[PDB]
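Below, chain A is the first sequence line, B the second, and so on; all start at residue 1.
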Protein chains: 2
Amino acid sequence: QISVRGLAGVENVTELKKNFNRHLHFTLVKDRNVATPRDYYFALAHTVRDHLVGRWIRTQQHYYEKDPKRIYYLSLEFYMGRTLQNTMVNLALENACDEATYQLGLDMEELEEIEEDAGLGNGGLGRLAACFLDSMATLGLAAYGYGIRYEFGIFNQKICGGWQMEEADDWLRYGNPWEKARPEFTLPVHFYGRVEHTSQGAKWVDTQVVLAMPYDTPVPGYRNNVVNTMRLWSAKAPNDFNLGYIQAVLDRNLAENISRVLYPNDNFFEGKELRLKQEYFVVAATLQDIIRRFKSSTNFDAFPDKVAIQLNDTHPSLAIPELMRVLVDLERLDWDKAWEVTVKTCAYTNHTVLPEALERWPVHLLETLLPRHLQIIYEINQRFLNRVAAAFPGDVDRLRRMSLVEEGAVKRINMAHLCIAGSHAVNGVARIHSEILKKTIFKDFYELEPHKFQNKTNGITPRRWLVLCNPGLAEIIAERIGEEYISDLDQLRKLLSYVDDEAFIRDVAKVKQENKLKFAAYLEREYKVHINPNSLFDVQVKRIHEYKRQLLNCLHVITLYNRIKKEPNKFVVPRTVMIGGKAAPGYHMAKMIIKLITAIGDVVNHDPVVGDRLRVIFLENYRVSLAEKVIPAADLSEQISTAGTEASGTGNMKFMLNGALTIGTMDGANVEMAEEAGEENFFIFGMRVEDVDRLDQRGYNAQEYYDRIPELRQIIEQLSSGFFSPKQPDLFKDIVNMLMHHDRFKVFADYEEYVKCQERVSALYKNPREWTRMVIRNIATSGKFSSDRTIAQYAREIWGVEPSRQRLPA
Amino acid sequence: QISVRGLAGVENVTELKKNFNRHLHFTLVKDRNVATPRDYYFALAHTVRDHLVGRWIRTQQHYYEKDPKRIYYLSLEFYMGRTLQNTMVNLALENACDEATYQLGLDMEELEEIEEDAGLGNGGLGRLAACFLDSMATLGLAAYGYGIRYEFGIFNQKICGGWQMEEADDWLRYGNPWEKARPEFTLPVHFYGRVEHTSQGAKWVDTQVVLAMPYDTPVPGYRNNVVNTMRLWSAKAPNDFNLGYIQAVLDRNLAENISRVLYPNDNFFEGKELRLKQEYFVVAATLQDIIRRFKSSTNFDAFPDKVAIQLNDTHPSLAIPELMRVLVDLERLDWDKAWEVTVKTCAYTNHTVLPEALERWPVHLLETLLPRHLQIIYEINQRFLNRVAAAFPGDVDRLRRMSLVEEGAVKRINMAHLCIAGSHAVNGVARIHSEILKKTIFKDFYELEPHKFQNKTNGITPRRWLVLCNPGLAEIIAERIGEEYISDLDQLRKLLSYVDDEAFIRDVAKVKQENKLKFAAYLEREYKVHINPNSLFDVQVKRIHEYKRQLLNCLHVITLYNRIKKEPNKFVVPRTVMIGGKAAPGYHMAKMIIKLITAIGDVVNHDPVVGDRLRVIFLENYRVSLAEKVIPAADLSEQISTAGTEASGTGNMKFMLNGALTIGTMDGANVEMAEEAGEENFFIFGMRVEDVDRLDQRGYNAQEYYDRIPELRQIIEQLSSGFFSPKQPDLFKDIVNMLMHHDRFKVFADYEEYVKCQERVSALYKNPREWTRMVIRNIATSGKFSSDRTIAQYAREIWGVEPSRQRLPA
Ligand SMILES: OC[C@H]1O[C@@H](NC(=S)N/N=C/c2cccc(O)c2)[C@H](O)[C@@H](O)[C@@H]1O
Ligand SMILES: OC[C@H]1O[C@@H](NC(=S)N/N=C/c2cccc(O)c2)[C@H](O)[C@@H](O)[C@@H]1O
Ligand SMILES: OC[C@H]1O[C@@H](NC(=S)N/N=C\c2cccc(O)c2)[C@H](O)[C@@H](O)[C@@H]1O
Ligand SMILES: OC[C@H]1O[C@@H](NC(=S)N/N=C\c2cccc(O)c2)[C@H](O)[C@@H](O)[C@@H]1O
């Protein structure tokens with residue numbers, strides 16, 4: 001039906017139909033009389049995956065023959081979402097499959113909804129890994145994603161009595177058609193034990209062994225016939241493990257627990273032994289695999305010419321001492337040469353500045369679990385600090401600040417310090433973030449080795465985040481400027497010459513309206529909740545965190561409610577305020593914020609005076625597949641973190657690409673977004689980084705704001721008095737207390753400017769034509785935020801490889 | 001190459017070749033350059049399984065349309081072995097696949113060796129279930145096998161320093177191509193909780209729930225296009241299970257442990273809670289599935305006309321109170337009617353008379369785990385004992401003997417008593433065993449309800465146990481009498497008219513020689529052990545148990561060694577004595593017996609005076625796939641259990657069919673084997689049941705035998721003094737002590753007769769022509785021992801259904 005979804009030729013549709021029937025029969029052992037809807041999904045998934053095979057084998061054969069430099073992206077998170085539609089899109093199969101299934105009497109969109117998300121990540125960091133894999137394949141790089149195949153991904157969120165409940169995400173229950181087990185590459189990983197010193201160096205002995213079994217998932221590039229691999233490791237006990245008899249077999253579970261579940265913390269460090277074991281497990285298995293592939297090309301001088309390892313935050317930081325261990329203990333290279341190889345191979349990306357998120361492992365844990373690695377880390381530290389001492393003679397405080405080892409109650413290893421010392425490149429993920437790294441938290445390191453520090457502003461893939469989720473918008477763009485922009489997003493600048501085009505303006509507004517209608521329909525069918533589709537869709541979706549300031553949004557919502565109640569018969573622009581996102585299960589304040597949101601909704605949504613002028617909805621179970629539905633439907637993107645706290649954000653870029661305007665602080669990539677679009681076309685408010693710093697020097701006093709702003713005082717009194725929780729008057733006492741006496745994120749300080757800025761949003765929305773023209777200016781300048789641009793920069797400035805848009809033969 | 005392996009037509013071979021290449025490419029994602037041998041096995045398995053699909057769907061559709069009476073065979077064990085060759089044999093695909101793989105440059109027999117045994121059983125009882133499924137499919141019955149899909153089957157046995165070591169049988173590690181998950185039939189199973197009494201009867205509340213997910217495995221009949229189902233349940237936690245967060249997810253393992261591992265006890269009862277949970281799990285899930293299928297045909301009067309449930313020993317005995325529970329508590333039938341339905345539906349097969357093997361569950365366990373079932377069992381007991389009291393007024397001791405509840409230190413429930421009371425038929429598994437049940441252990445029950453007691457002599461499938469494992473013998477038989485005997489084994493009687501046929505005699509002896517050569521070769525390649533293929537192959541393979549008297553065999557072996565040493569230059573018929581079998585991990589005496597066997601081998605096999613006249617070999621890891629190799633190679637089958645202890649035996653029947661002669665006591669099915677072949681054609685020795693009874697009345701004094709038999713005294717002195725363990729002189733003190741003072745199985749009592757009988761064996765073996773003629777007389781009369789005969793008898797005399805040899809359409 002629509003052009004960007006590909007051709008639906010006679011021969012193709014016929015073939016798809018027969019292969020679908022073949023799989024239903026031979027693979028699923030069903031006929032049409034007894035086939036379940038899930039059977040039909042699986043038949044379609046097998047039919048589509050068949051099309052990957054030839055390209056996958058020949059891509060990997062090609063790398064073996066050409067022997068390019070290989071890129072290894074190490075991450076504990078890959079937030080992939082669903083695979084079916086993505087695969088169809090990248091193979092140009094979508095229209096053909098839609099036709100074939102239609103002719104079989106099936107609705108493809110209904111079948112798509114059956115697939116489980118591969119929810120192997122928490123939020124931004126994990127989703128970035130996923131967009132990166134898509135871009136690396138699209139740019140023809142010989143790239144591999146390596147991680148853990150968690151049996152349970154991020155929990156499913158249920159809301160019960162306004163409270164978050166967690167349920168296990170048993171995503172593999174029905175089987176995963178998009179993976180292929182690779183038993184011949186099963187590898188041993190070592191834990192515990194002790195170190196012996198012989199005549200011929202150190203030996204790590206008496207270890208416990210856990211096996212690492214790989215599963216491969218294909219990563220197709222966009223219409224270039226490249227299919228790269230994401231290899232995820234699963235933990236398996238050896239067969240003689242613990243080998244009364246019954247108990248020994250049941251105890252195999254202990255070893256296999258390593259790959260059982262994803263830790264559900266976003267921007268928070270929990271120093272648990274199981275997490276440390278996960279981090280080593282992925283590193284040890286991955287490095288053996290890398291070395292195997294390198295030898296199957298003695299001379300490790302060429303190792304950095306053939307291998308790049310990208311560390312996604314510090315989670316896989318043990319790659320640095322593990323590589324040293326292998327090179328020194330097993331290959332018998334001298335220290336200095338091994339170190340040279342290591343530094344030239346490894347690069348490190350930082351994703352946060354919050355002190356509580358930084359990984360600082362107790363020495364006693366590393367001592368027991370990884371005794372040889374601790375020794376290696378101590379040696380790295382001594383040689384590094386000797387360099388600092390020679391560079392800054394007499395600066396004893398610099399020495400303690402820069403040390404990999406932190407003294408105190410318990411000695412800890414600072415993993416960020418380890419990564420900087422052992423990497424040739426260190427990058428932040430937006431210009432303001434990278435500057436903050438050089439000026440503040442890694443200032444000492446920047447002074448020692450300025451050349452190591454880079455910026456790589458984040459991006460999102462326009463395949464998933466435009467073509468897939470918003471085909472209507474993709475189509476009206478392609479009608480004017482062709483299809484080339486899908487892999488060259490800068491071409492969207494051409495849309496600037498349509499800002500006065502009356503046909504285009506109408507088409508942009510119509511696509512948004514259809515998306516909103518579709519999402520309003522989704523909300524009634526799946527959740528029995530009724531919303532006005534003519535209202536402004538005001539959306540804040542992201543993990544729940546104090547720094548992201550969902551609370552500031554709550555204050556605005558209560559302000560609007562109070563104003564309506566004060567002057568019931570005055571016109572206001574109708575809004576549907578939607579907030580969604582998961583809270584880490586142990587994060588009490590985040591759980592209270594969810595309850596507050598639902599409690600506000602309970603009052604607002606049932607007030608007869610309000611009517612359909614204001615609705616507050618909590619979007620349950622926010623995840624990639626939900627993002628694909630809500631983002632195209634949004635009018636207003638809330639990006640309101642305290643300046644200096646959101647390293648980049650990527651949700652922000654998704655909204656920009658899909659025709660929502662942004663209300664935001666000058667934080668993370670918001671700064672660069674405003675720069676690209678023009679500040680006139682962005683709703684900027686609030687303190688800048690410099691203003692926050694000034695307030696900190698003076699001391700933040702929340703009482704001052706409470707005393708001088710009557711509208712704010714009223715809200716606080718309502719919260720305290722039990723207006724939003726009649727049967728439990730003091731329910732929100734923790735929230736009020738934090739706001740008044742221990743708010744690290746200065747919610748009150750940005751309140752007045754935020755409310756005023758929100759008034760300007762409502763004003764623009766009253767003029768549909770001018771709203772849409774500003775939207776066009778945003779979409780047209782969103783090109784910089786393609787992860788294709790981001791990856792091309794990593795390739796050229798860090799990995800030392802050239803991207804290629806050229807097709808491999810079919 | 002050989003006729004019984006089927007046609008290898010041009011069109012078939014071409015098709016197989018292309019489907020093999022298709023699976024290698026699309027399914028395994030490999031080409032010929034990188035394909036591993038395991039890849040080739042999987043390609044072949046997928047190619048063969050494709051041929052099952054149409055027949056499987058249409059068989060099950062046929063049952064749905066015709067609505068015959070369904071047979072449900074409930075077992076905690078199904079000892080299936082490998083599936084690939086069996087499937088080819090039953091589909092007439094063997095020659096075609098052999099040709100196709102040969103043309104691809106592959107050896108099919110090498111590929112076959114890659115498949116893991118499905119080792120979901122311990123020995124005889126589990127293997128019987130497997131032969132039964134094959135026969136029920138071959139006889140066109142609407143039959144279903146129901147059991148547990150254990151993650152770990154019977155352990156792999158390694159011998160280290162002459163001792164058994166156990167290793168986990170991780171049989172699913174690489175994936176099982178012969179199963180199909182059926183997620184839509186996932187069912188809840190309840191545990192713990194408590195009973196509430198309302199106005200409307202009892203209610204079982206506050207339970208913990210575990211999910212039962214079924215996996216289906218096809219069971220093809222022999223060339224009749226019937227494919228029946230074996231449905232095995234796997235345990236899964238519900239998603240809100242235990243739902244700090246991380247621990248709750250890790251604790252899901254506790255629920256899923258139910259299906260983790262097979263209990264490795266053969267003929268021994270271990271009263272463990274995990275085992276009880278396994279027994280209920282299979283029963284509860286199976287009964288819901290049965291009822292679902294029955295309703296999809298309100299009136300339960302017809303239930304026994306449409307359903308038969310066969311209980312394989314008492315392991316699934318909870319089916320009786322579970323059926324009552326469903327009918328009374330859920331369907332609201334009155335007690336008496338529910339009971340009528342239950343009795344008419346259920347039948348019970350007993351497989352042992354050893355008191356330590358009988359299931360007697362502590363009441364306190366049932367009280368906690370299954371409180372409603374305990375109540376139901378008490379009610380059954382009261383109503384049953386009221387019938388006993390009316391039938392035998394004043395016989396108070398009969399009342400305590402017959403009670404389902406046993407008083408004592410801990411009160412227990414006798415599950416055998418439950419099964420008799422709640423079943424319309426009770427059978428033993430050989431004529432002598434069934435008679436012993438009526439005369440001794442169930443005498444009281446037989447007097448009350450004589451009509452319930454039956455015999456069903458065991459059998460083995462001639463597909464696996466002749467055509468598959470011994471194609472050479474199958475072929476020389478088919479050359480003379482055609483192919484019909486494979487599903488009508490009584491036709492082997494026709495071979496009696498060839499007992500004087502010089503061509504046939506030569507052919508029978510040649511096939512044995514080739515089998516022995518092949519097995520001698522297997523032993524050198526896989527185990528680096530050297531054996532003389534001209535020797536008599538003297539084989540005892542079965543689980544290690546005191547009752548099976550591997551020890552008596554050991555005594556004979558030492559006798560032969562001592563005689564050679566006494567007169568080195570006298571001629572003796574050379575022998576290779578092979579003993580194999582697993583010991584239950586907690587069974588100390590059985591472990592000592594294995595060590596003794598290996599210790600004897602250590603002395604005998606390295607004595608220069610002995611030469612290659614005597615060799616003693618322990619066959620490591622005896623299992624179905626090993627039985628398929630060794631049984632065709634055997635000359636002499638050792639079946640030497642103390643009279644009255646082996647209920648039937650089935651290994652005995654396998655040896656008879658494959659051209660070995662039998663040395664045996666008049667125990668289990670040995671009696672009926674001798675009756676069929678003629679006692680002249682069998683090597684019978686030792687006490688009869690009546691002789692054992694006489695010895696028991698008098699008191700068994702082992703010292704008497706020791707005092708009167710000089711050759712026996714010498715062996716005992718050698719064992720005691722450390723002749724067989726120089727560095728640990730007292731190693732075998734436990735063994736000597738047991739033999740001398742607490743031998744329940746009267747090893748010494750049968751020693752003289754056994755040795756004398758073994759001399760007669762050696763004498764016959766010196767005359768190759770007469771040895772072979774006696775073999776022919778055994779093979780020719782082995783027909784009764786087909787499990788087709790056994791199943792036809794269950795069908796007609798217990799289940800009330802007619803078998804059918806008629807083909808379904810292809
Ligand atoms: O069907 C469920 C099972 O599938 C198996 N995949 C097999 S056999 N081929 N895949 C081939 C393949 C081929 C192309 C693309 C692709 O993504 C996969 C996986 O190894 C199992 O872990 C999984 O449970
Ligand atoms: O490939 C490995 C996987 O195979 C799957 N089988 C599927 S998709 N079709 N089978 C179809 C089938 C078809 C005919 C006969 C037969 O015996 C099976 C099983 O459900 C998995 O548990 C297993 O891990
Ligand atoms: O760059 C991609 C995104 O990365 C995010 N970091 C995340 S999700 N975890 N970080 C750190 C972390 C995660 C888990 C444990 C821990 O100790 C630390 C940033 O907050 C975003 O601004 C950014 O857009
Ligand atoms: O009929 C088939 C075969 O059955 C065997 N029984 C076996 S393996 N377990 N029995 C009982 C058992 C098994 C496990 C636990 C338990 O408490 C009892 C008999 O010993 C054989 O003679 C017979 O040929």
Side-chain angles (χ1 to χ4, degrees), chain A residues 25-26 28-31 33-34 36 38-39 46 49-50 52-54 56-57 61 151-152 155-156 158 165-170 173-175 180-181 183-184 186 213 216 218 236-246 248-250 252-253 256-257 260-261 263-264 272 274-275 584-586, chain B residues 25-26 28-31 33-34 36 38-39 46 49-50 52-54 56-57 61 151-152 155-156 158 165-170 173-175 180-181 183-184 186 213 216 218 236-246 248-250 252-253 256-257 260-261 263-264 272 274-275 584-586:
Chain A
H25 183 79
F26 295 99
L28 297 159
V29 200
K30 295 267 177 141
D31 63 9
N33 306 324
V34 287
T36 65
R38 172 165 292 117
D39 291 316
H46 278 80
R49 98 177 183 188
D50 279 346
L52 287 167
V53 174
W56 205 5
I57 294 169
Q61 197 161 323
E151 196 170 319
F152 299 89
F155 58 89
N156 284 318
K158 293 264 200 72
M165 303 293 301
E166 300 90 23
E167 268 182 7
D169 168 46
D170 194 16
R173 177 179 48 217
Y174 306 124
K180 176 67 189 77
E184 71 266 30
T186 301
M213 192 184 308
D216 287 352
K236 264 265 183 167
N239 291 334
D240 54 8
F241 187 83
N242 267 45
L243 282 170
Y245 168 78
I246 296 294
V249 177
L250 300 185
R252 291 168 57 91
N253 300 155
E256 299 171 353
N257 279 349
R260 194 83 63 201
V261 58
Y263 274 78
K272 294 304 205 300
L274 184 55
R275 171 69 165 197
Chain B
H25 183 79
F26 295 99
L28 297 159
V29 200
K30 295 267 177 141
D31 63 9
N33 306 324
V34 287
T36 65
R38 172 165 292 117
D39 291 316
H46 278 80
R49 98 177 183 188
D50 279 346
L52 287 167
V53 174
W56 205 5
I57 294 169
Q61 197 160 323
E151 196 170 319
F152 299 89
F155 58 89
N156 284 318
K158 293 264 200 72
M165 303 293 301
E166 300 90 23
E167 268 182 7
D169 168 46
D170 194 16
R173 177 179 48 217
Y174 306 124
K180 176 67 189 77
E184 71 266 30
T186 301
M213 192 184 308
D216 287 352
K236 264 265 183 167
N239 291 334
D240 54 8
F241 187 83
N242 267 45
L243 282 170
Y245 168 78
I246 296 294
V249 177
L250 300 185
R252 291 168 57 91
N253 300 155
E256 299 171 353
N257 279 349
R260 194 83 63 201
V261 58
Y263 274 78
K272 294 304 205 300
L274 184 55
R275 171 69 165 197

With chain B, the option among A:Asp216, A:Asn257, A:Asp39 that has the most non-hydrogen atom pairs under 4.5 Å is A:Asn257
Select, from A:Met165, A:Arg38, A:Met213, A:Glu167, the one with the greatest count of heavy-atom pairs under 4.5 Å involving chain B. A:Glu167
Contacts of B:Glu184 meeting salt bridge (charged side-chain N to carboxylate O under 4.0 Å, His left out) (sequence neighbours excluded), chain-then-number -> A:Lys30, B:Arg182
Going by salt bridge (charged side-chain N to carboxylate O under 4.0 Å, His left out), name the residues that satisfy it together with B:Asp50, two or more places apart in sequence or in a different chain. B:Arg22
Proximity breakdown for [X] and chain B, heavy-atom pairs closer than 4.5 Å:
X	answer
A:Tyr245	side chain
A:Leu52	neither
A:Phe241	neither
A:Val261	side chain
A:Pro264	side chain

Pick from [options]: which one has the most heavy-atom pairs with chain A under 4.5 Å?
options	answer
B:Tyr174, B:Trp56, B:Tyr263	B:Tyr263
B:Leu250, B:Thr36, B:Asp240	B:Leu250
B:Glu166, B:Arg252, B:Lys272, B:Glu151	B:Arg252

I need the minimum non-hydrogen distance between B:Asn239 and A:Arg173, along with the two atoms involved. ND2-NH1, 2.9 Å
In short, B:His25 meets A:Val53 closest at the heavy-atom pair O-CG1, 3.3 Å
Charged N to carboxylate O under 4.0 angstrom, B:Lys236 versus A:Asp170? yes
Between A:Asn253 and B:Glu256, is any pair of side-chain heavy atoms under 4.5 Å apart? no
With side chains defined as the heavy atoms from C-beta onward, is the minimum distance between A:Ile246 and B:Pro585 less than 4.5 Å? no
Mind checking the CG-CG spacing from A:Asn156 to B:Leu243? Nearest 0.5 Å is all I need. 11.0 Å
